[PDB]
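Here is the structure we will look at.
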RNA sequence: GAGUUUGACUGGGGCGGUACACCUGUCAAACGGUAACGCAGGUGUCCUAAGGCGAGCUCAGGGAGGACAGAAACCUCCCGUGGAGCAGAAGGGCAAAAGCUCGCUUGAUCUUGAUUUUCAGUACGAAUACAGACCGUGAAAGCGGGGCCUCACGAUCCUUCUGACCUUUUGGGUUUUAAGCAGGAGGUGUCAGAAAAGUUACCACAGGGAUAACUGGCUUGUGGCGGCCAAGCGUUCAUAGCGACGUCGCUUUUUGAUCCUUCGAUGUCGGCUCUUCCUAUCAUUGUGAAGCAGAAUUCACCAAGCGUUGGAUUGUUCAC
RNA sequence: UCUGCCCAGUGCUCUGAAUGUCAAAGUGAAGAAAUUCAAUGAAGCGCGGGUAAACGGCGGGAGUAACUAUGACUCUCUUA
RNA sequence: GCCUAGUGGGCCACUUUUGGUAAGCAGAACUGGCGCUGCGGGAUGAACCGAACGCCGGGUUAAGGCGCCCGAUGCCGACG
RNA sequence: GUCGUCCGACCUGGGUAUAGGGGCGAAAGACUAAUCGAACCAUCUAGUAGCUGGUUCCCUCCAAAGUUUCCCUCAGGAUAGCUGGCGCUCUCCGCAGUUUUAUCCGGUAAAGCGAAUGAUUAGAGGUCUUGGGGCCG
RNA sequence: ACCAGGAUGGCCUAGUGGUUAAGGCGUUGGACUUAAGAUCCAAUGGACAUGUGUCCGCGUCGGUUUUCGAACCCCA
Ligand SMILES: [Mg+2]
Ligand SMILES: [Mg+2]
Ligand SMILES: [Mg+2]
Ligand SMILES: [Mg+2]
Ligand SMILES: [Mg+2]
Ligand SMILES: [Mg+2]
Ligand SMILES: [Mg+2]
Ligand SMILES: [Mg+2]
Ligand SMILES: [Mg+2]
Ligand SMILES: [Mg+2]
Ligand SMILES: [Mg+2]
Ligand SMILES: [Mg+2]
Ligand SMILES: [Mg+2]
Ligand SMILES: [Mg+2]
Ligand SMILES: [Mg+2]
Ligand SMILES: [Mg+2]
Ligand SMILES: [Mg+2]
Ligand SMILES: [Mg+2]
Ligand SMILES: [Mg+2]
Ligand SMILES: [Mg+2]
Ligand SMILES: [Mg+2]
Ligand SMILES: [Mg+2]
Ligand SMILES: [Mg+2]
Ligand SMILES: [Mg+2]
Ligand SMILES: [Mg+2]
Ligand SMILES: [Mg+2]
Ligand SMILES: [Mg+2]
Ligand SMILES: [Mg+2]
Ligand SMILES: [Mg+2]
Ligand SMILES: [Mg+2]
Ligand SMILES: [Mg+2]
Ligand SMILES: [Mg+2]
Ligand SMILES: [Mg+2]
Ligand SMILES: [Mg+2]
Ligand SMILES: [Zn+2]
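Chains as they are written, first to last, in the entry's author numbering: chain 11, 125 to 129; chain b1, 2 to 105; chain n1, 1 to 118; chain r3, 2 to 103, 112 to 214.
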């Protein structure tokens, strides 16, 4: 997925 | 600045103050057979590209003024150089300034 | 750096533009010197307005660059600014000599017009 | 607009007057420091009451104008339109700053001049009113009302002196009589026994 | 097509700026030293004199006079501790001067060492006393080896120039050359001195909570809420309800400020669902007060027990 | 169904002894020679044309019509 | 006199003190601490107060305390 | 499960051709043996790391630094300072994070503005040293 | 907010090194014409945006104000 960017 | 073309000053050959003619010192032509030039040429020949630094980051707007003072006595005629402070405009023997005169 | 080489490229482009500017100024100058009819006088008058005003914008950018402390040798800029001023003062002489009417206050104060060969 | 006075109540910084180093300072809100009969003589308004500070704090120019409006309104209501003389004895000289933040943060956080604020010590007079002796309760209520415009604790003190002078009210009248004080507008001029004798002859002619 | 580079400081980094080499006043707490992207400023120049000596004067400003002439042109007298000037920034210094005007000049020359300043007690730069010459100037005492002082600048390698009946130019000798020795310059301002453009959302590695983007913590400017004082509003009437000019607070449901925890990972907006808590109470219970006649509506108290909805648009919180 | 305007810039291309710069080799001279000086002088840069269905680009401020607006109109600055 | 490791991220407090509205904020001076350090006390606690430490017995203290937790007022404590 | 296409730039087996800064691409930096913004294997190679992690028995004695200056220096060095060890030269006059007696030094706190500079509030007393005006000329 | 600029006749623009106030349009007066434009002969005007410093002297150079326009305000 993708975390806090 | 303005310096005159004649100065009576010390001469190391005469051991005495003598009159001198004053000229601005010019950077001489580079000889091809100075040792550093020969080493530079043979280091730059072939492949490898540039082998010594090339100075770019120029910051001074002014060169230090150097005067060639040459003694006028025909037996001596000795040359030496005297370095004066930096100045943007340099004049040799221009005109002695005058006081209390009208501006035009 | 690329900033300095940028600045230098715009200097060379501007000095080139001043070079063709003075050349075209002296072109239209000698055409007005050879001008035949009145309408030719006012047209090369107007073309000298266009070129000297272009040249005045160019001197304005040159004087901003002379005021800058990012340039170390300014002899090309000072000589180009002198050349621009020379063209400006010549144009000012021509606009005086043409725009003064023959019987205005200036003409009735001092007529003169020495006309050197005459 | 401007911050509440609790931001600049305490004399934390060094004194910072407007000068050639502090420019772009707006004018103080208070401008007039004397109200009532300024032209009243020294024998017309003998009774003087002070509002004396009790803290080492900083009074804003806005507060110094609000208190002089409050005291002026009560004294024109109670003593009548001209029956008093109010002197505000602080002039706002200390400039307070502001670092307005709409980001830079505390980078280059030196303030622009926000306002003018006076510095008062423990025991220094803030406001003084001189008037006739029968207006004493009107003076006390005027300073007590003007107290609420000011932060911190102020006392009301009826002074021992005679109006806006450095001389005591009891010794004042007979030392006027002995020609030691010549009345000169609002206050007096002291005449010592030290000048040339032509001044003594002119005074005792 | 190849190889490489693409400064640093920094209340994260980038943009901005230069606090990167220097100088003044302050900070700076009365020896000295002393920090911040602290404050107000300046520097990379200028001078054949604005260097040096001697002599003569005295400046800024003010008063009073005198044809044109007036506010201001010039002549004169008086007062004049400097309120002028000394190239500049500022500070210090200076009156038969260090200022202004003349006269003569070139100590702004050559050569060792020592010292101060920054300092490691190193260099450079700058400076200080000396000494050895050779000069200038003055009647002489003296003074001068740049500028009244505090600033105005530059290593090695290379180049260039100057100096000596100089050294070497390697088997010997001669001559050109070349290399040395000594003294200036050509310059590195990132100023103890690499030769250097970007982009990466296709990205990679070593690390960092020394360092940002949430929550939490300190703070409360700003946001929000509430007081005190009472000039005024309210036909009157300060205070039913309000409330200017001022001033004191609270809260962390606003944004900031900071960077303490976490970068060998605490899943980053909304909505749906579901439970509970707070009160600064919209409604309902009980009340008090109104410029509360009734009705309606305000303001206030005990009070959070129980409620506070269905939808169009928008991902929205918010909004309507 | 049309495909407007701009060759100033940056590219591309054309022209070349009338030519500013121009390396090596070659040529002239001085010297003992290394060497130095000079004359000549290629392509390319500069110079001059052409090209936008090449890359690309294609303005500002005022006054002005029997209410008021608006601005067909005028003025001016300005570019390729 | 020689050789020399480690260090060259610091942080806190009285008083002085700069920026900031302020901050368990950023920056200096002086001295003392913490870091490097346990112990008695402040319930708890890097830094506050007392005091610095070999392994023990007796005694005594400091700062703190003495209703009960919890050693010590369970004094016929004083004045409000 | 629902779907795109299913006579044509269709689907498919075998053979063959192109190989790593190369191939091949109806173009997504896609594919090239589960590997692709440069495959895989072995070697150079134990590549370098101012950066993380770890670093093995006891007792005794001494005991820090986060500061100076310079550095493409700011997570690092050099240098001084602090430290330890090894001593050594003497002692068994000298010195001191201290006072006293002398003597100089300073411009901070305070204070001042009827003192210079700068800022600034209010009246008062004067005249012509000027001006603005009413009124008599 | 930061950087860079720009403020001059009534409008639109010039203008230095420091001494000259410039041009176009407009306005005004007279000619031409029956008259008006066009055309011809002439004339005036500038808070040089402000104050300060430099200089003998500034619109011009240098710092501070007051109105304006342009570029940037990024990574989460
Ligand atoms: Mg070759
Ligand atoms: Mg402060
Ligand atoms: Mg950095
Ligand atoms: Mg001290
Ligand atoms: Mg003299
Ligand atoms: Mg001597
Ligand atoms: Mg001198
Ligand atoms: Mg080297
Ligand atoms: Mg993309
Ligand atoms: Mg942290
Ligand atoms: Mg608030
Ligand atoms: Mg009323
Ligand atoms: Mg974890
Ligand atoms: Mg997890
Ligand atoms: Mg979790
Ligand atoms: Mg309640
Ligand atoms: Mg087209
Ligand atoms: Mg073209
Ligand atoms: Mg484009
Ligand atoms: Mg701190
Ligand atoms: Mg910190
Ligand atoms: Mg540690
Ligand atoms: Mg210790
Ligand atoms: Mg301890
Ligand atoms: Mg406790
Ligand atoms: Mg204590
Ligand atoms: Mg015991
Ligand atoms: Mg207890
Ligand atoms: Mg395919
Ligand atoms: Mg792509
Ligand atoms: Mg590092
Ligand atoms: Mg580490
Ligand atoms: Mg001091
Ligand atoms: Mg004081
Ligand atoms: Zn000689």
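Ideal Cβ positions, reconstructed from N, Cα and C, are used throughout, including at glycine.
Identity of the residues DSSP links to residue i by a beta bridge
| i | result |
| --- | --- |
| residue 85 (chain r3) | 140 (chain r3) |
| residue 11 (chain b1) | 18 (chain b1) |
| residue 3 (chain b1) | 92 (chain b1) |
| residue 11 (chain r3) | 58 (chain r3) |
| residue 51 (chain r3) | 137 (chain r3), 166 (chain r3) |
| residue 199 (chain r3) | 190 (chain r3) |
| residue 177 (chain r3) | 170 (chain r3) |
| residue 84 (chain b1) | 67 (chain b1) |
| residue 35 (chain r3) | 88 (chain r3) |
Contacts that residue i makes with chain n1 (C-beta to C-beta distance below 9 Å)
| i | result |
| --- | --- |
| residue 59 (chain b1) | 72, 73 |
Cross-chain neighbours of residue i in chain n1, by beta carbon under 7 Å
| i | result |
| --- | --- |
| residue 62 (chain b1) | 72 |
Cβ-based neighbour list, residue i, same chain, cut-off 8 Å, excluding 5 preceding and 5 following
| i | result |
| --- | --- |
| residue 55 (chain r3) | 131, 132, 161, 162, 163, 164 |
| residue 87 (chain r3) | 35, 36, 37, 69, 72, 73, 76, 136, 137, 138 |
| residue 157 (chain n1) | This structure gives no information on residue 157 (chain n1), because the portion of chain n1 shown stretches from 1 to 118. |
| residue 25 (chain r3) | 121, 122 |
| residue 9 (chain b1) | 18, 19, 20, 21 |
| residue 78 (chain b1) | 71, 72 |
| residue 70 (chain n1) | 4, 7 |
Chain-order list of residues whose beta-carbon lies under 7 Å from that of residue i (same chain, five-residue window excluded)
| i | result |
| --- | --- |
| residue 17 (chain r3) | 23, 95, 96 |
| residue 65 (chain r3) | 31, 89, 91, 93, 127 |
| residue 80 (chain r3) | 140, 144, 147 |
| residue 6 (chain r3) | 61, 64, 160 |
| residue 15 (chain n1) | 76, 80 |
Any non-hydrogen atom of ligand 35 within 6 Å of residue i CB
| i | result |
| --- | --- |
| residue 71 (chain b1) | no |
Sequence-distant residues of its chain with Cβ nearer than 6 Å to residue i (five each side left out)
| i | result |
| --- | --- |
| residue 46 (chain r3) | 86, 139, 140, 172 |
| residue 151 (chain r3) | 72, 75, 76 |
| residue 107 (chain r3) | Because chain r3 is numbered from 103 directly to 112, the model contains no atoms for residue 107 (chain r3). |
| residue 11 (chain b1) | 18 |
| residue 155 (chain r3) | 68, 71, 72 |
Legend entry - Three-pair Cβ contact test at 8 Å for the region 92-103 of chain n1 versus the region 93-103 of chain r3: Contact annotation: the region 92-103 of chain n1 does not touch the region 93-103 of chain r3, with fewer than three C-beta pairs closer than 8 Å.
Inset, instruction - Check whether the region 23-42 of chain b1 touches the region 38-51 of chain n1, taking contact to mean three or more Cβ pairs, one atom from each stretch, closer than 8 Å. - result: Fewer than three Cβ pairs drawn from the region 23-42 of chain b1 and the region 38-51 of chain n1 lie within less than 8 Å of each other, which leaves the two stretches out of contact.
Inset, instruction - Report yes or no: do the region 39-51 of chain b1 and the region 95-104 of chain b1 share at least 3 C-beta pairs separated by less than 8 Å? - result: Segments in contact, no.
Inset, instruction - Determine, using beta-carbon pairs with one atom in the region 71-84 of chain n1 and one in the region 17-31 of chain n1, whether at least three such pairs fall under 8 Å. - result: The region 71-84 of chain n1 makes contact with the region 17-31 of chain n1, as at least three CB pairs between them are under 8 Å.
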